[PDB]
Structures are given as C-alpha cells and as structure tokens.
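Only one structure is covered here, and it is reproduced in the block below.
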Amino acid sequence: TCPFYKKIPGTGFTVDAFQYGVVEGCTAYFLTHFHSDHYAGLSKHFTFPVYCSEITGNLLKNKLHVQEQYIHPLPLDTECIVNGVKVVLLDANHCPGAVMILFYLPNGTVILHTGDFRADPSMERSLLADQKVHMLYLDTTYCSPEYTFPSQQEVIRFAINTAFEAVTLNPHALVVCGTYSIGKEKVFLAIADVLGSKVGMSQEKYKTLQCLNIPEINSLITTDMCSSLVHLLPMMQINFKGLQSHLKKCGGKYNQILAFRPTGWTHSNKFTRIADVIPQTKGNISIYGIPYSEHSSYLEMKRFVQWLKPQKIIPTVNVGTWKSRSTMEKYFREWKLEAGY
Ligand code: NI
C-alpha cells in the first residue's frame with residue numbers, strides 16, 4: 001500500500017509510485033527519472049497516464065515498452081496544467097532526464113518534490129526564487145555531516161589527466177569505464193574526448209544512450225569495440241579477473257588496461273583529497289576508485305534547504321527505520337534554528 005511520502009495532498013497525484021498496483025484515487029502518475037527503484041513496477045502492461053520529462057519518456061517507450069498513448073512528456077522550466085493543476089518541471093542535476101516537480105495547489109500551498117537531486121547554487125536563481133515554498137519532499141540520501149565529496153568538475157579533470165598521461169605513455173593501453181544505470185556519462189565522454197576516440201559499448205547500452213538527446217551523440221559513441229580506445233562495461237566486471245578476460249577478447253589489440261569505477265561515497269572520503277588518489281594494480285591492469293556523486297553532499301543539501309526555508313520537510317530516502325527518521329529530524333531542526341525560520 002502506497003506510502004504518504006509519495007502522495008501529493010489535495011490532488012489525485014503520486015510521485016515515483018508504480019510498485020503498489022492501482023493506487024485508489026490516483027489520476028496521474030509522475031515519474032521523476034529513469035532509475036529502477038523509482039520506475040519499479042512500470043512495464044508495457046501499465047494503462048494510466050505517466051507524466052515525466054522527454055528523456056524519461058523516450059526511455060519508457062524504448063526500454064520498458066510502455067505504450068505511447070500513456071506517456072505525457074513535459075518541457076522543463078515551463079508552466080503547464082495537468083488535470084487542472086499548475087506544475088513546473090525543473091532540472092534535478094541528477095541523471096539525464098531527471099527532474100524536480102513544483103506543484104501549485106488550488107488552496108494556494110506550493111510544494112517542491114526534488115525527486116533525486118544534487119543541490120546546486122544555480123537552483124537559487126530558477127522559478128523557485130519567484131515565490132514561497134511551503135512543503136519540501138527531499139532527497140535525503142547523504143543527510144549526515146560525514147558525507148563530503150569533491151565537485152564533479154574536480155573529479156573529471158582528474159580522470160582526464162590520468163587517462164591522457166597513461167595512453168600517451170602507452171599508445172596500446174585501453175581505457176575502461178564501469179556503468180550500471182543511466183547517470184555519470186560525463187566520466188566516459190570527457191575521457192573519450194581528450195583521447196580523440198569514440199566510446200565503444202554493448203548494443204543494449206548504445207540503445208539507452210541513443211534516448212538521451214545528447215548533442216552530436218552519433219560522433220561520440222559506437223557498437224564497434226575494435227575501433228575505440230574507451231570501452232564501457234558493467235560495473236560488476238571492473239575487477240582484475242573481468243578486466244584480464246576482456247583484454248583477451250579484444251584480439252591482442254591492447255596490452256594494458258586502465259579502469260575507472262565511479263562510486264558513491266565509500267569510507268576513505270574522510271581523509272583523501274582527489275589529488276592524492278592512487279589505484280589498485282595487478283600487473284598490466286590498474287583500477288581507480290573515483291567519487292562522482294549525482295546526489296547532494298550534506299553541505300550542498302543544507303545550503304539549499306536554508307535558502308528555501310520550507311515550513312515542512314518530508315524525507316524520501318532512508319525512511320524505513322526510526323533511527324534514520326529521528327536522526328534526520330534533528331538536522332532539519334538545527335538548520336531551522338541557525339537560519340531563523
Ligand atoms: Ni536516482
């Protein structure tokens with residue numbers, strides 16, 4: 001049965017709420033982005049209206065085989081009406097096609113649902129600036145002060161310099177990037193760009209990238225592994241076994257692998273600057289752990305919330321346990337007392 005935090009009060013609307021069968025009273029199902037925990041339950045068998053970004057709709061059509069009649073894509077940054085309610089979709093700075101949703105309720109209440117997001121200062125000069133927001137449905141993935149991480153740009157610069165040096169040193173080395181969902185594409189696109197290469201990958205992965213409205217994408221990606229010095233593999237294969245095995249498959253065309261594993265936070269973020277990072281190595285294979293986050297750090301989340309000054313916060317992540325809920329309520333209370341709302 002559908003939880004309160006996926007319901008929008010005073011509408012027939014739900015968010016990211018497809019795994020409970022038919023939700024009684026729901027007249028429109030929003031989907032914030034194409035990640036499986038959020039789309040869970042959607043299939044070609046779904047026959048109610050789904051509202052989402054154009055990218056998310058392309059994915060729904062092509063990967064999930066949801067029928068076109070049920071897919072209602074909306075442009076971003078544009079005031080639209082849905083079932084007689086005014087709504088706006090905003091860029092979430094998460095994965096391709098991910099959005100936050102602004103609901104302007106008939107009674108005059110304004111609600112922001114962040115979906116999944118990485119808070120940024122640019123969000124402070126959006127349509128959010130134009131009026132008070134009363135309720136915030138918040139991505140609390142890293143809502144604890146230990147969660148720090150570098151900027152996406154620091155990480156990319158690091159990846160670029162590292163790959164360029166290794167391949168200029170050994171022109172027969174192969175660059176491999178690990179992947180499991182959409183998101184974090186800039187890792188492999190920036191590396192490929194500095195090496196003058198396309199990125200090679202499986203047919204299933206190519207098909208996914210072809211739905212994302214990336215400019216000039218046909219000149220950036222290919223299913224011909226032979227013709228490419230940056231390859232994508234499933235994240236599960238980024239280990240010394242998987243990478244040796246892959247190296248055998250390429251027909252001796254390369255004699256070395258340099259691999260990247262973009263992770264979230266893991267415990268060593270507590271000490272190490274990006275400049276100090278060093279790989280695990282076994283022989284002619286070297287693996288780098290890089291902390292590329294598409295969720296807010298604790299400090300990013302705190303700044304956004306203290307700017308927005310909402311009357312109520314409703315978490316959407318880590319809600320299944322009392323300890324978690326209680327911990328998060330303590331931070332929200334500190335933030336409020338500090339900022340004076
Ligand atoms: Ni997500």
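The chains in the structure tokens are called A, B, ... from first to last as shown; in each chain the residues are counted from 1, and the ligands are counted from 1 in the order shown.
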
Check which residues of region 260-339 of chain A sit at most 10 Å from region 228-243 of chain A using only C-alpha atoms, and return one row each with the closest pair of atoms and their distance in Å to one decimal, ordered by chain and rising number, as CSV.
residue,atom,partner,partner_atom,distance
A:260,CA,A:238,CA,7.9
A:261,CA,A:238,CA,7.0
A:262,CA,A:235,CA,8.8
A:263,CA,A:235,CA,9.6
A:280,CA,A:240,CA,9.5
A:281,CA,A:240,CA,8.5
A:282,CA,A:240,CA,6.9
A:283,CA,A:240,CA,9.3
A:284,CA,A:240,CA,9.6
A:285,CA,A:240,CA,6.8
A:286,CA,A:240,CA,8.3
A:287,CA,A:239,CA,7.6
A:288,CA,A:238,CA,9.8

Put those residues in a file: N, CA and C atoms, as a compact mmCIF listing (two decimals), in the first residue's frame.
# COMPACT_ATOMS: atom_id res chain seq x y z
N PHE A 260 38.21 2.80 -14.61
CA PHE A 260 37.61 3.69 -13.63
C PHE A 260 36.32 3.10 -13.05
N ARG A 261 36.19 3.12 -11.72
CA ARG A 261 34.96 2.78 -11.04
C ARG A 261 34.38 4.01 -10.37
N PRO A 262 33.39 4.67 -11.03
CA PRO A 262 32.74 5.80 -10.37
C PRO A 262 31.86 5.22 -9.32
N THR A 263 32.11 5.56 -8.08
CA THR A 263 31.31 5.06 -6.98
C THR A 263 30.56 6.24 -6.37
N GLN A 280 44.48 0.67 -7.18
CA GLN A 280 44.83 -0.73 -7.04
C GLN A 280 45.36 -1.25 -8.37
N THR A 281 46.51 -1.93 -8.34
CA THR A 281 47.20 -2.50 -9.50
C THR A 281 47.53 -3.99 -9.34
N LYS A 282 47.25 -4.77 -10.37
CA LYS A 282 47.78 -6.13 -10.50
C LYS A 282 48.32 -6.25 -11.92
N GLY A 283 49.62 -5.97 -12.06
CA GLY A 283 50.31 -6.27 -13.30
C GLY A 283 50.05 -5.20 -14.32
N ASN A 284 49.44 -5.56 -15.45
CA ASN A 284 49.16 -4.60 -16.54
C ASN A 284 47.71 -4.02 -16.52
N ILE A 285 47.04 -4.15 -15.36
CA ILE A 285 45.68 -3.64 -15.13
C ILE A 285 45.73 -2.74 -13.90
N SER A 286 45.17 -1.54 -14.03
CA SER A 286 45.09 -0.62 -12.90
C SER A 286 43.70 -0.05 -12.76
N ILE A 287 43.16 -0.08 -11.53
CA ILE A 287 41.79 0.34 -11.26
C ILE A 287 41.78 1.54 -10.32
N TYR A 288 41.02 2.54 -10.71
CA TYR A 288 40.84 3.73 -9.90
C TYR A 288 39.44 3.85 -9.34

At a cut-off of 12 Å around ligand 1, and using only C-alpha atoms and all ligand atoms, what residues come up? Please write them as an NGL selection string.
:A and (16 or 31-39 or 92-100 or 114-118 or 139-141 or 180-184 or 264 or 293-296 or 316-317)

For CA of residue 78 (chain A) and CA of residue 26 (chain A), determine how far apart the two atoms are, in Å to one decimal place.
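CA of residue 78 (chain A) sits 23.7 Å away from CA of residue 26 (chain A).
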
Spatial neighbours of residue 147 (chain A), max dist 7 Å, only C-alpha atoms, sep filter under 3 positions, as a PyMOL selection string:
chain A and resi 142+144+297-298

Export C-alpha atoms of the chosen residues as a PDB file, in the first residue's frame?
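And here's selection-v6.pdb as it stands now:
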ATOM      1  CA  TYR A 142      23.515  11.865   2.288  1.00  0.00           C
ATOM      2  CA  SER A 144      24.727  13.384   7.656  1.00  0.00           C
ATOM      3  CA  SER A 297      26.575  16.367  -0.201  1.00  0.00           C
ATOM      4  CA  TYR A 298      25.475  17.176   3.379  1.00  0.00           C
TER       5      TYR A 298
END

Identify which of the residues A:227, A:62, A:122, A:27 lies closest to residue 43 (chain A), counting only C-alpha atoms when measuring atom-to-atom distances.
A:62

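Contact shell of residue 137 (chain A) at 6 Å (only C-alpha atoms; same-chain neighbours under 3 positions omitted): residues 113, 314 and 315 of chain A.
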
Write a file of the just-selected residues containing N, CA, C and O atoms, as a PDB file, in the first residue's frame.
ATOM      1  N   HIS A 113       8.896  18.757  -4.914  1.00  0.00           N
ATOM      2  CA  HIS A 113       9.381  17.396  -4.779  1.00  0.00           C
ATOM      3  C   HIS A 113      10.708  17.376  -5.553  1.00  0.00           C
ATOM      4  O   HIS A 113      10.736  17.615  -6.776  1.00  0.00           O
ATOM      5  N   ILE A 314       9.549  16.634   4.214  1.00  0.00           N
ATOM      6  CA  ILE A 314       9.163  15.261   4.214  1.00  0.00           C
ATOM      7  C   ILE A 314      10.262  14.491   3.500  1.00  0.00           C
ATOM      8  O   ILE A 314      10.442  14.688   2.287  1.00  0.00           O
ATOM      9  N   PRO A 315      11.024  13.662   4.225  1.00  0.00           N
ATOM     10  CA  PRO A 315      12.103  12.890   3.525  1.00  0.00           C
ATOM     11  C   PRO A 315      11.575  11.795   2.599  1.00  0.00           C
ATOM     12  O   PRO A 315      10.504  11.222   2.869  1.00  0.00           O
TER      13      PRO A 315
END

Separation of CA of residue 143 (chain A) from CA of residue 123 (chain A), in Å and rounded to one decimal:
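Interatomic distance, CA of residue 143 (chain A) to CA of residue 123 (chain A): 18.7 Å.
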
Please run DSSP on the backbone and report, as a PDB file with C-alpha atoms, in the first residue's frame, all residues within region 205-254 of chain A that come out as alpha helix (DSSP H).
ATOM      1  CA  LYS A 205      23.934   0.289 -23.596  1.00  0.00           C
ATOM      2  CA  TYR A 206      24.153   2.057 -27.024  1.00  0.00           C
ATOM      3  CA  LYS A 207      20.337   1.909 -27.278  1.00  0.00           C
ATOM      4  CA  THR A 208      19.993   3.535 -23.863  1.00  0.00           C
ATOM      5  CA  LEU A 209      22.416   6.381 -24.751  1.00  0.00           C
ATOM      6  CA  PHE A 240      41.283  -7.946 -12.158  1.00  0.00           C
ATOM      7  CA  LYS A 241      39.530 -11.140 -13.441  1.00  0.00           C
ATOM      8  CA  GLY A 242      36.860  -9.354 -15.561  1.00  0.00           C
ATOM      9  CA  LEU A 243      39.381  -6.920 -16.996  1.00  0.00           C
ATOM     10  CA  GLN A 244      42.052  -9.644 -17.898  1.00  0.00           C
ATOM     11  CA  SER A 245      39.175 -11.668 -19.515  1.00  0.00           C
ATOM     12  CA  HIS A 246      38.075  -8.601 -21.542  1.00  0.00           C
ATOM     13  CA  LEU A 247      41.628  -7.881 -22.565  1.00  0.00           C
ATOM     14  CA  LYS A 248      41.728 -11.430 -24.092  1.00  0.00           C
ATOM     15  CA  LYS A 249      38.511 -10.705 -26.049  1.00  0.00           C
TER      16      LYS A 249
END

Write out as a VMD selection string which residues come within 9 Å of residue 253 (chain A) when counting only C-alpha atoms, dropping same-chain ones fewer than 5 positions away.
chain A and resid 172 to 174 226 247

Selection from above, C-alpha atoms, as a CSV table (one decimal), in the first residue's frame, can you write it?
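And here is the file that came out, again21.csv:
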chain,number,residue,atom,x,y,z
A,172,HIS,CA,48.4,0.3,-26.8
A,173,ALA,CA,46.6,0.8,-23.4
A,174,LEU,CA,42.8,0.5,-23.2
A,226,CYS,CA,37.5,-2.7,-32.3
A,247,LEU,CA,41.6,-7.9,-22.6

Separation of CA of residue 102 (chain A) and CA of residue 48 (chain A), in Å?
21.3 Å

Identify which of the residues A:59, A:50, A:278, A:87 lies closest to residue 162 (chain A), counting only C-alpha atoms when measuring atom-to-atom distances.
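Among the listed residues, A:278 lies closest to residue 162 (chain A).
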
Spatial neighbours of residue 167 (chain A), max dist 12 Å, only C-alpha atoms, sep filter under 6 positions, as number ranges by chain:
A: 160-161, 173-175, 191-192, 194-197, 229-230, 254-258
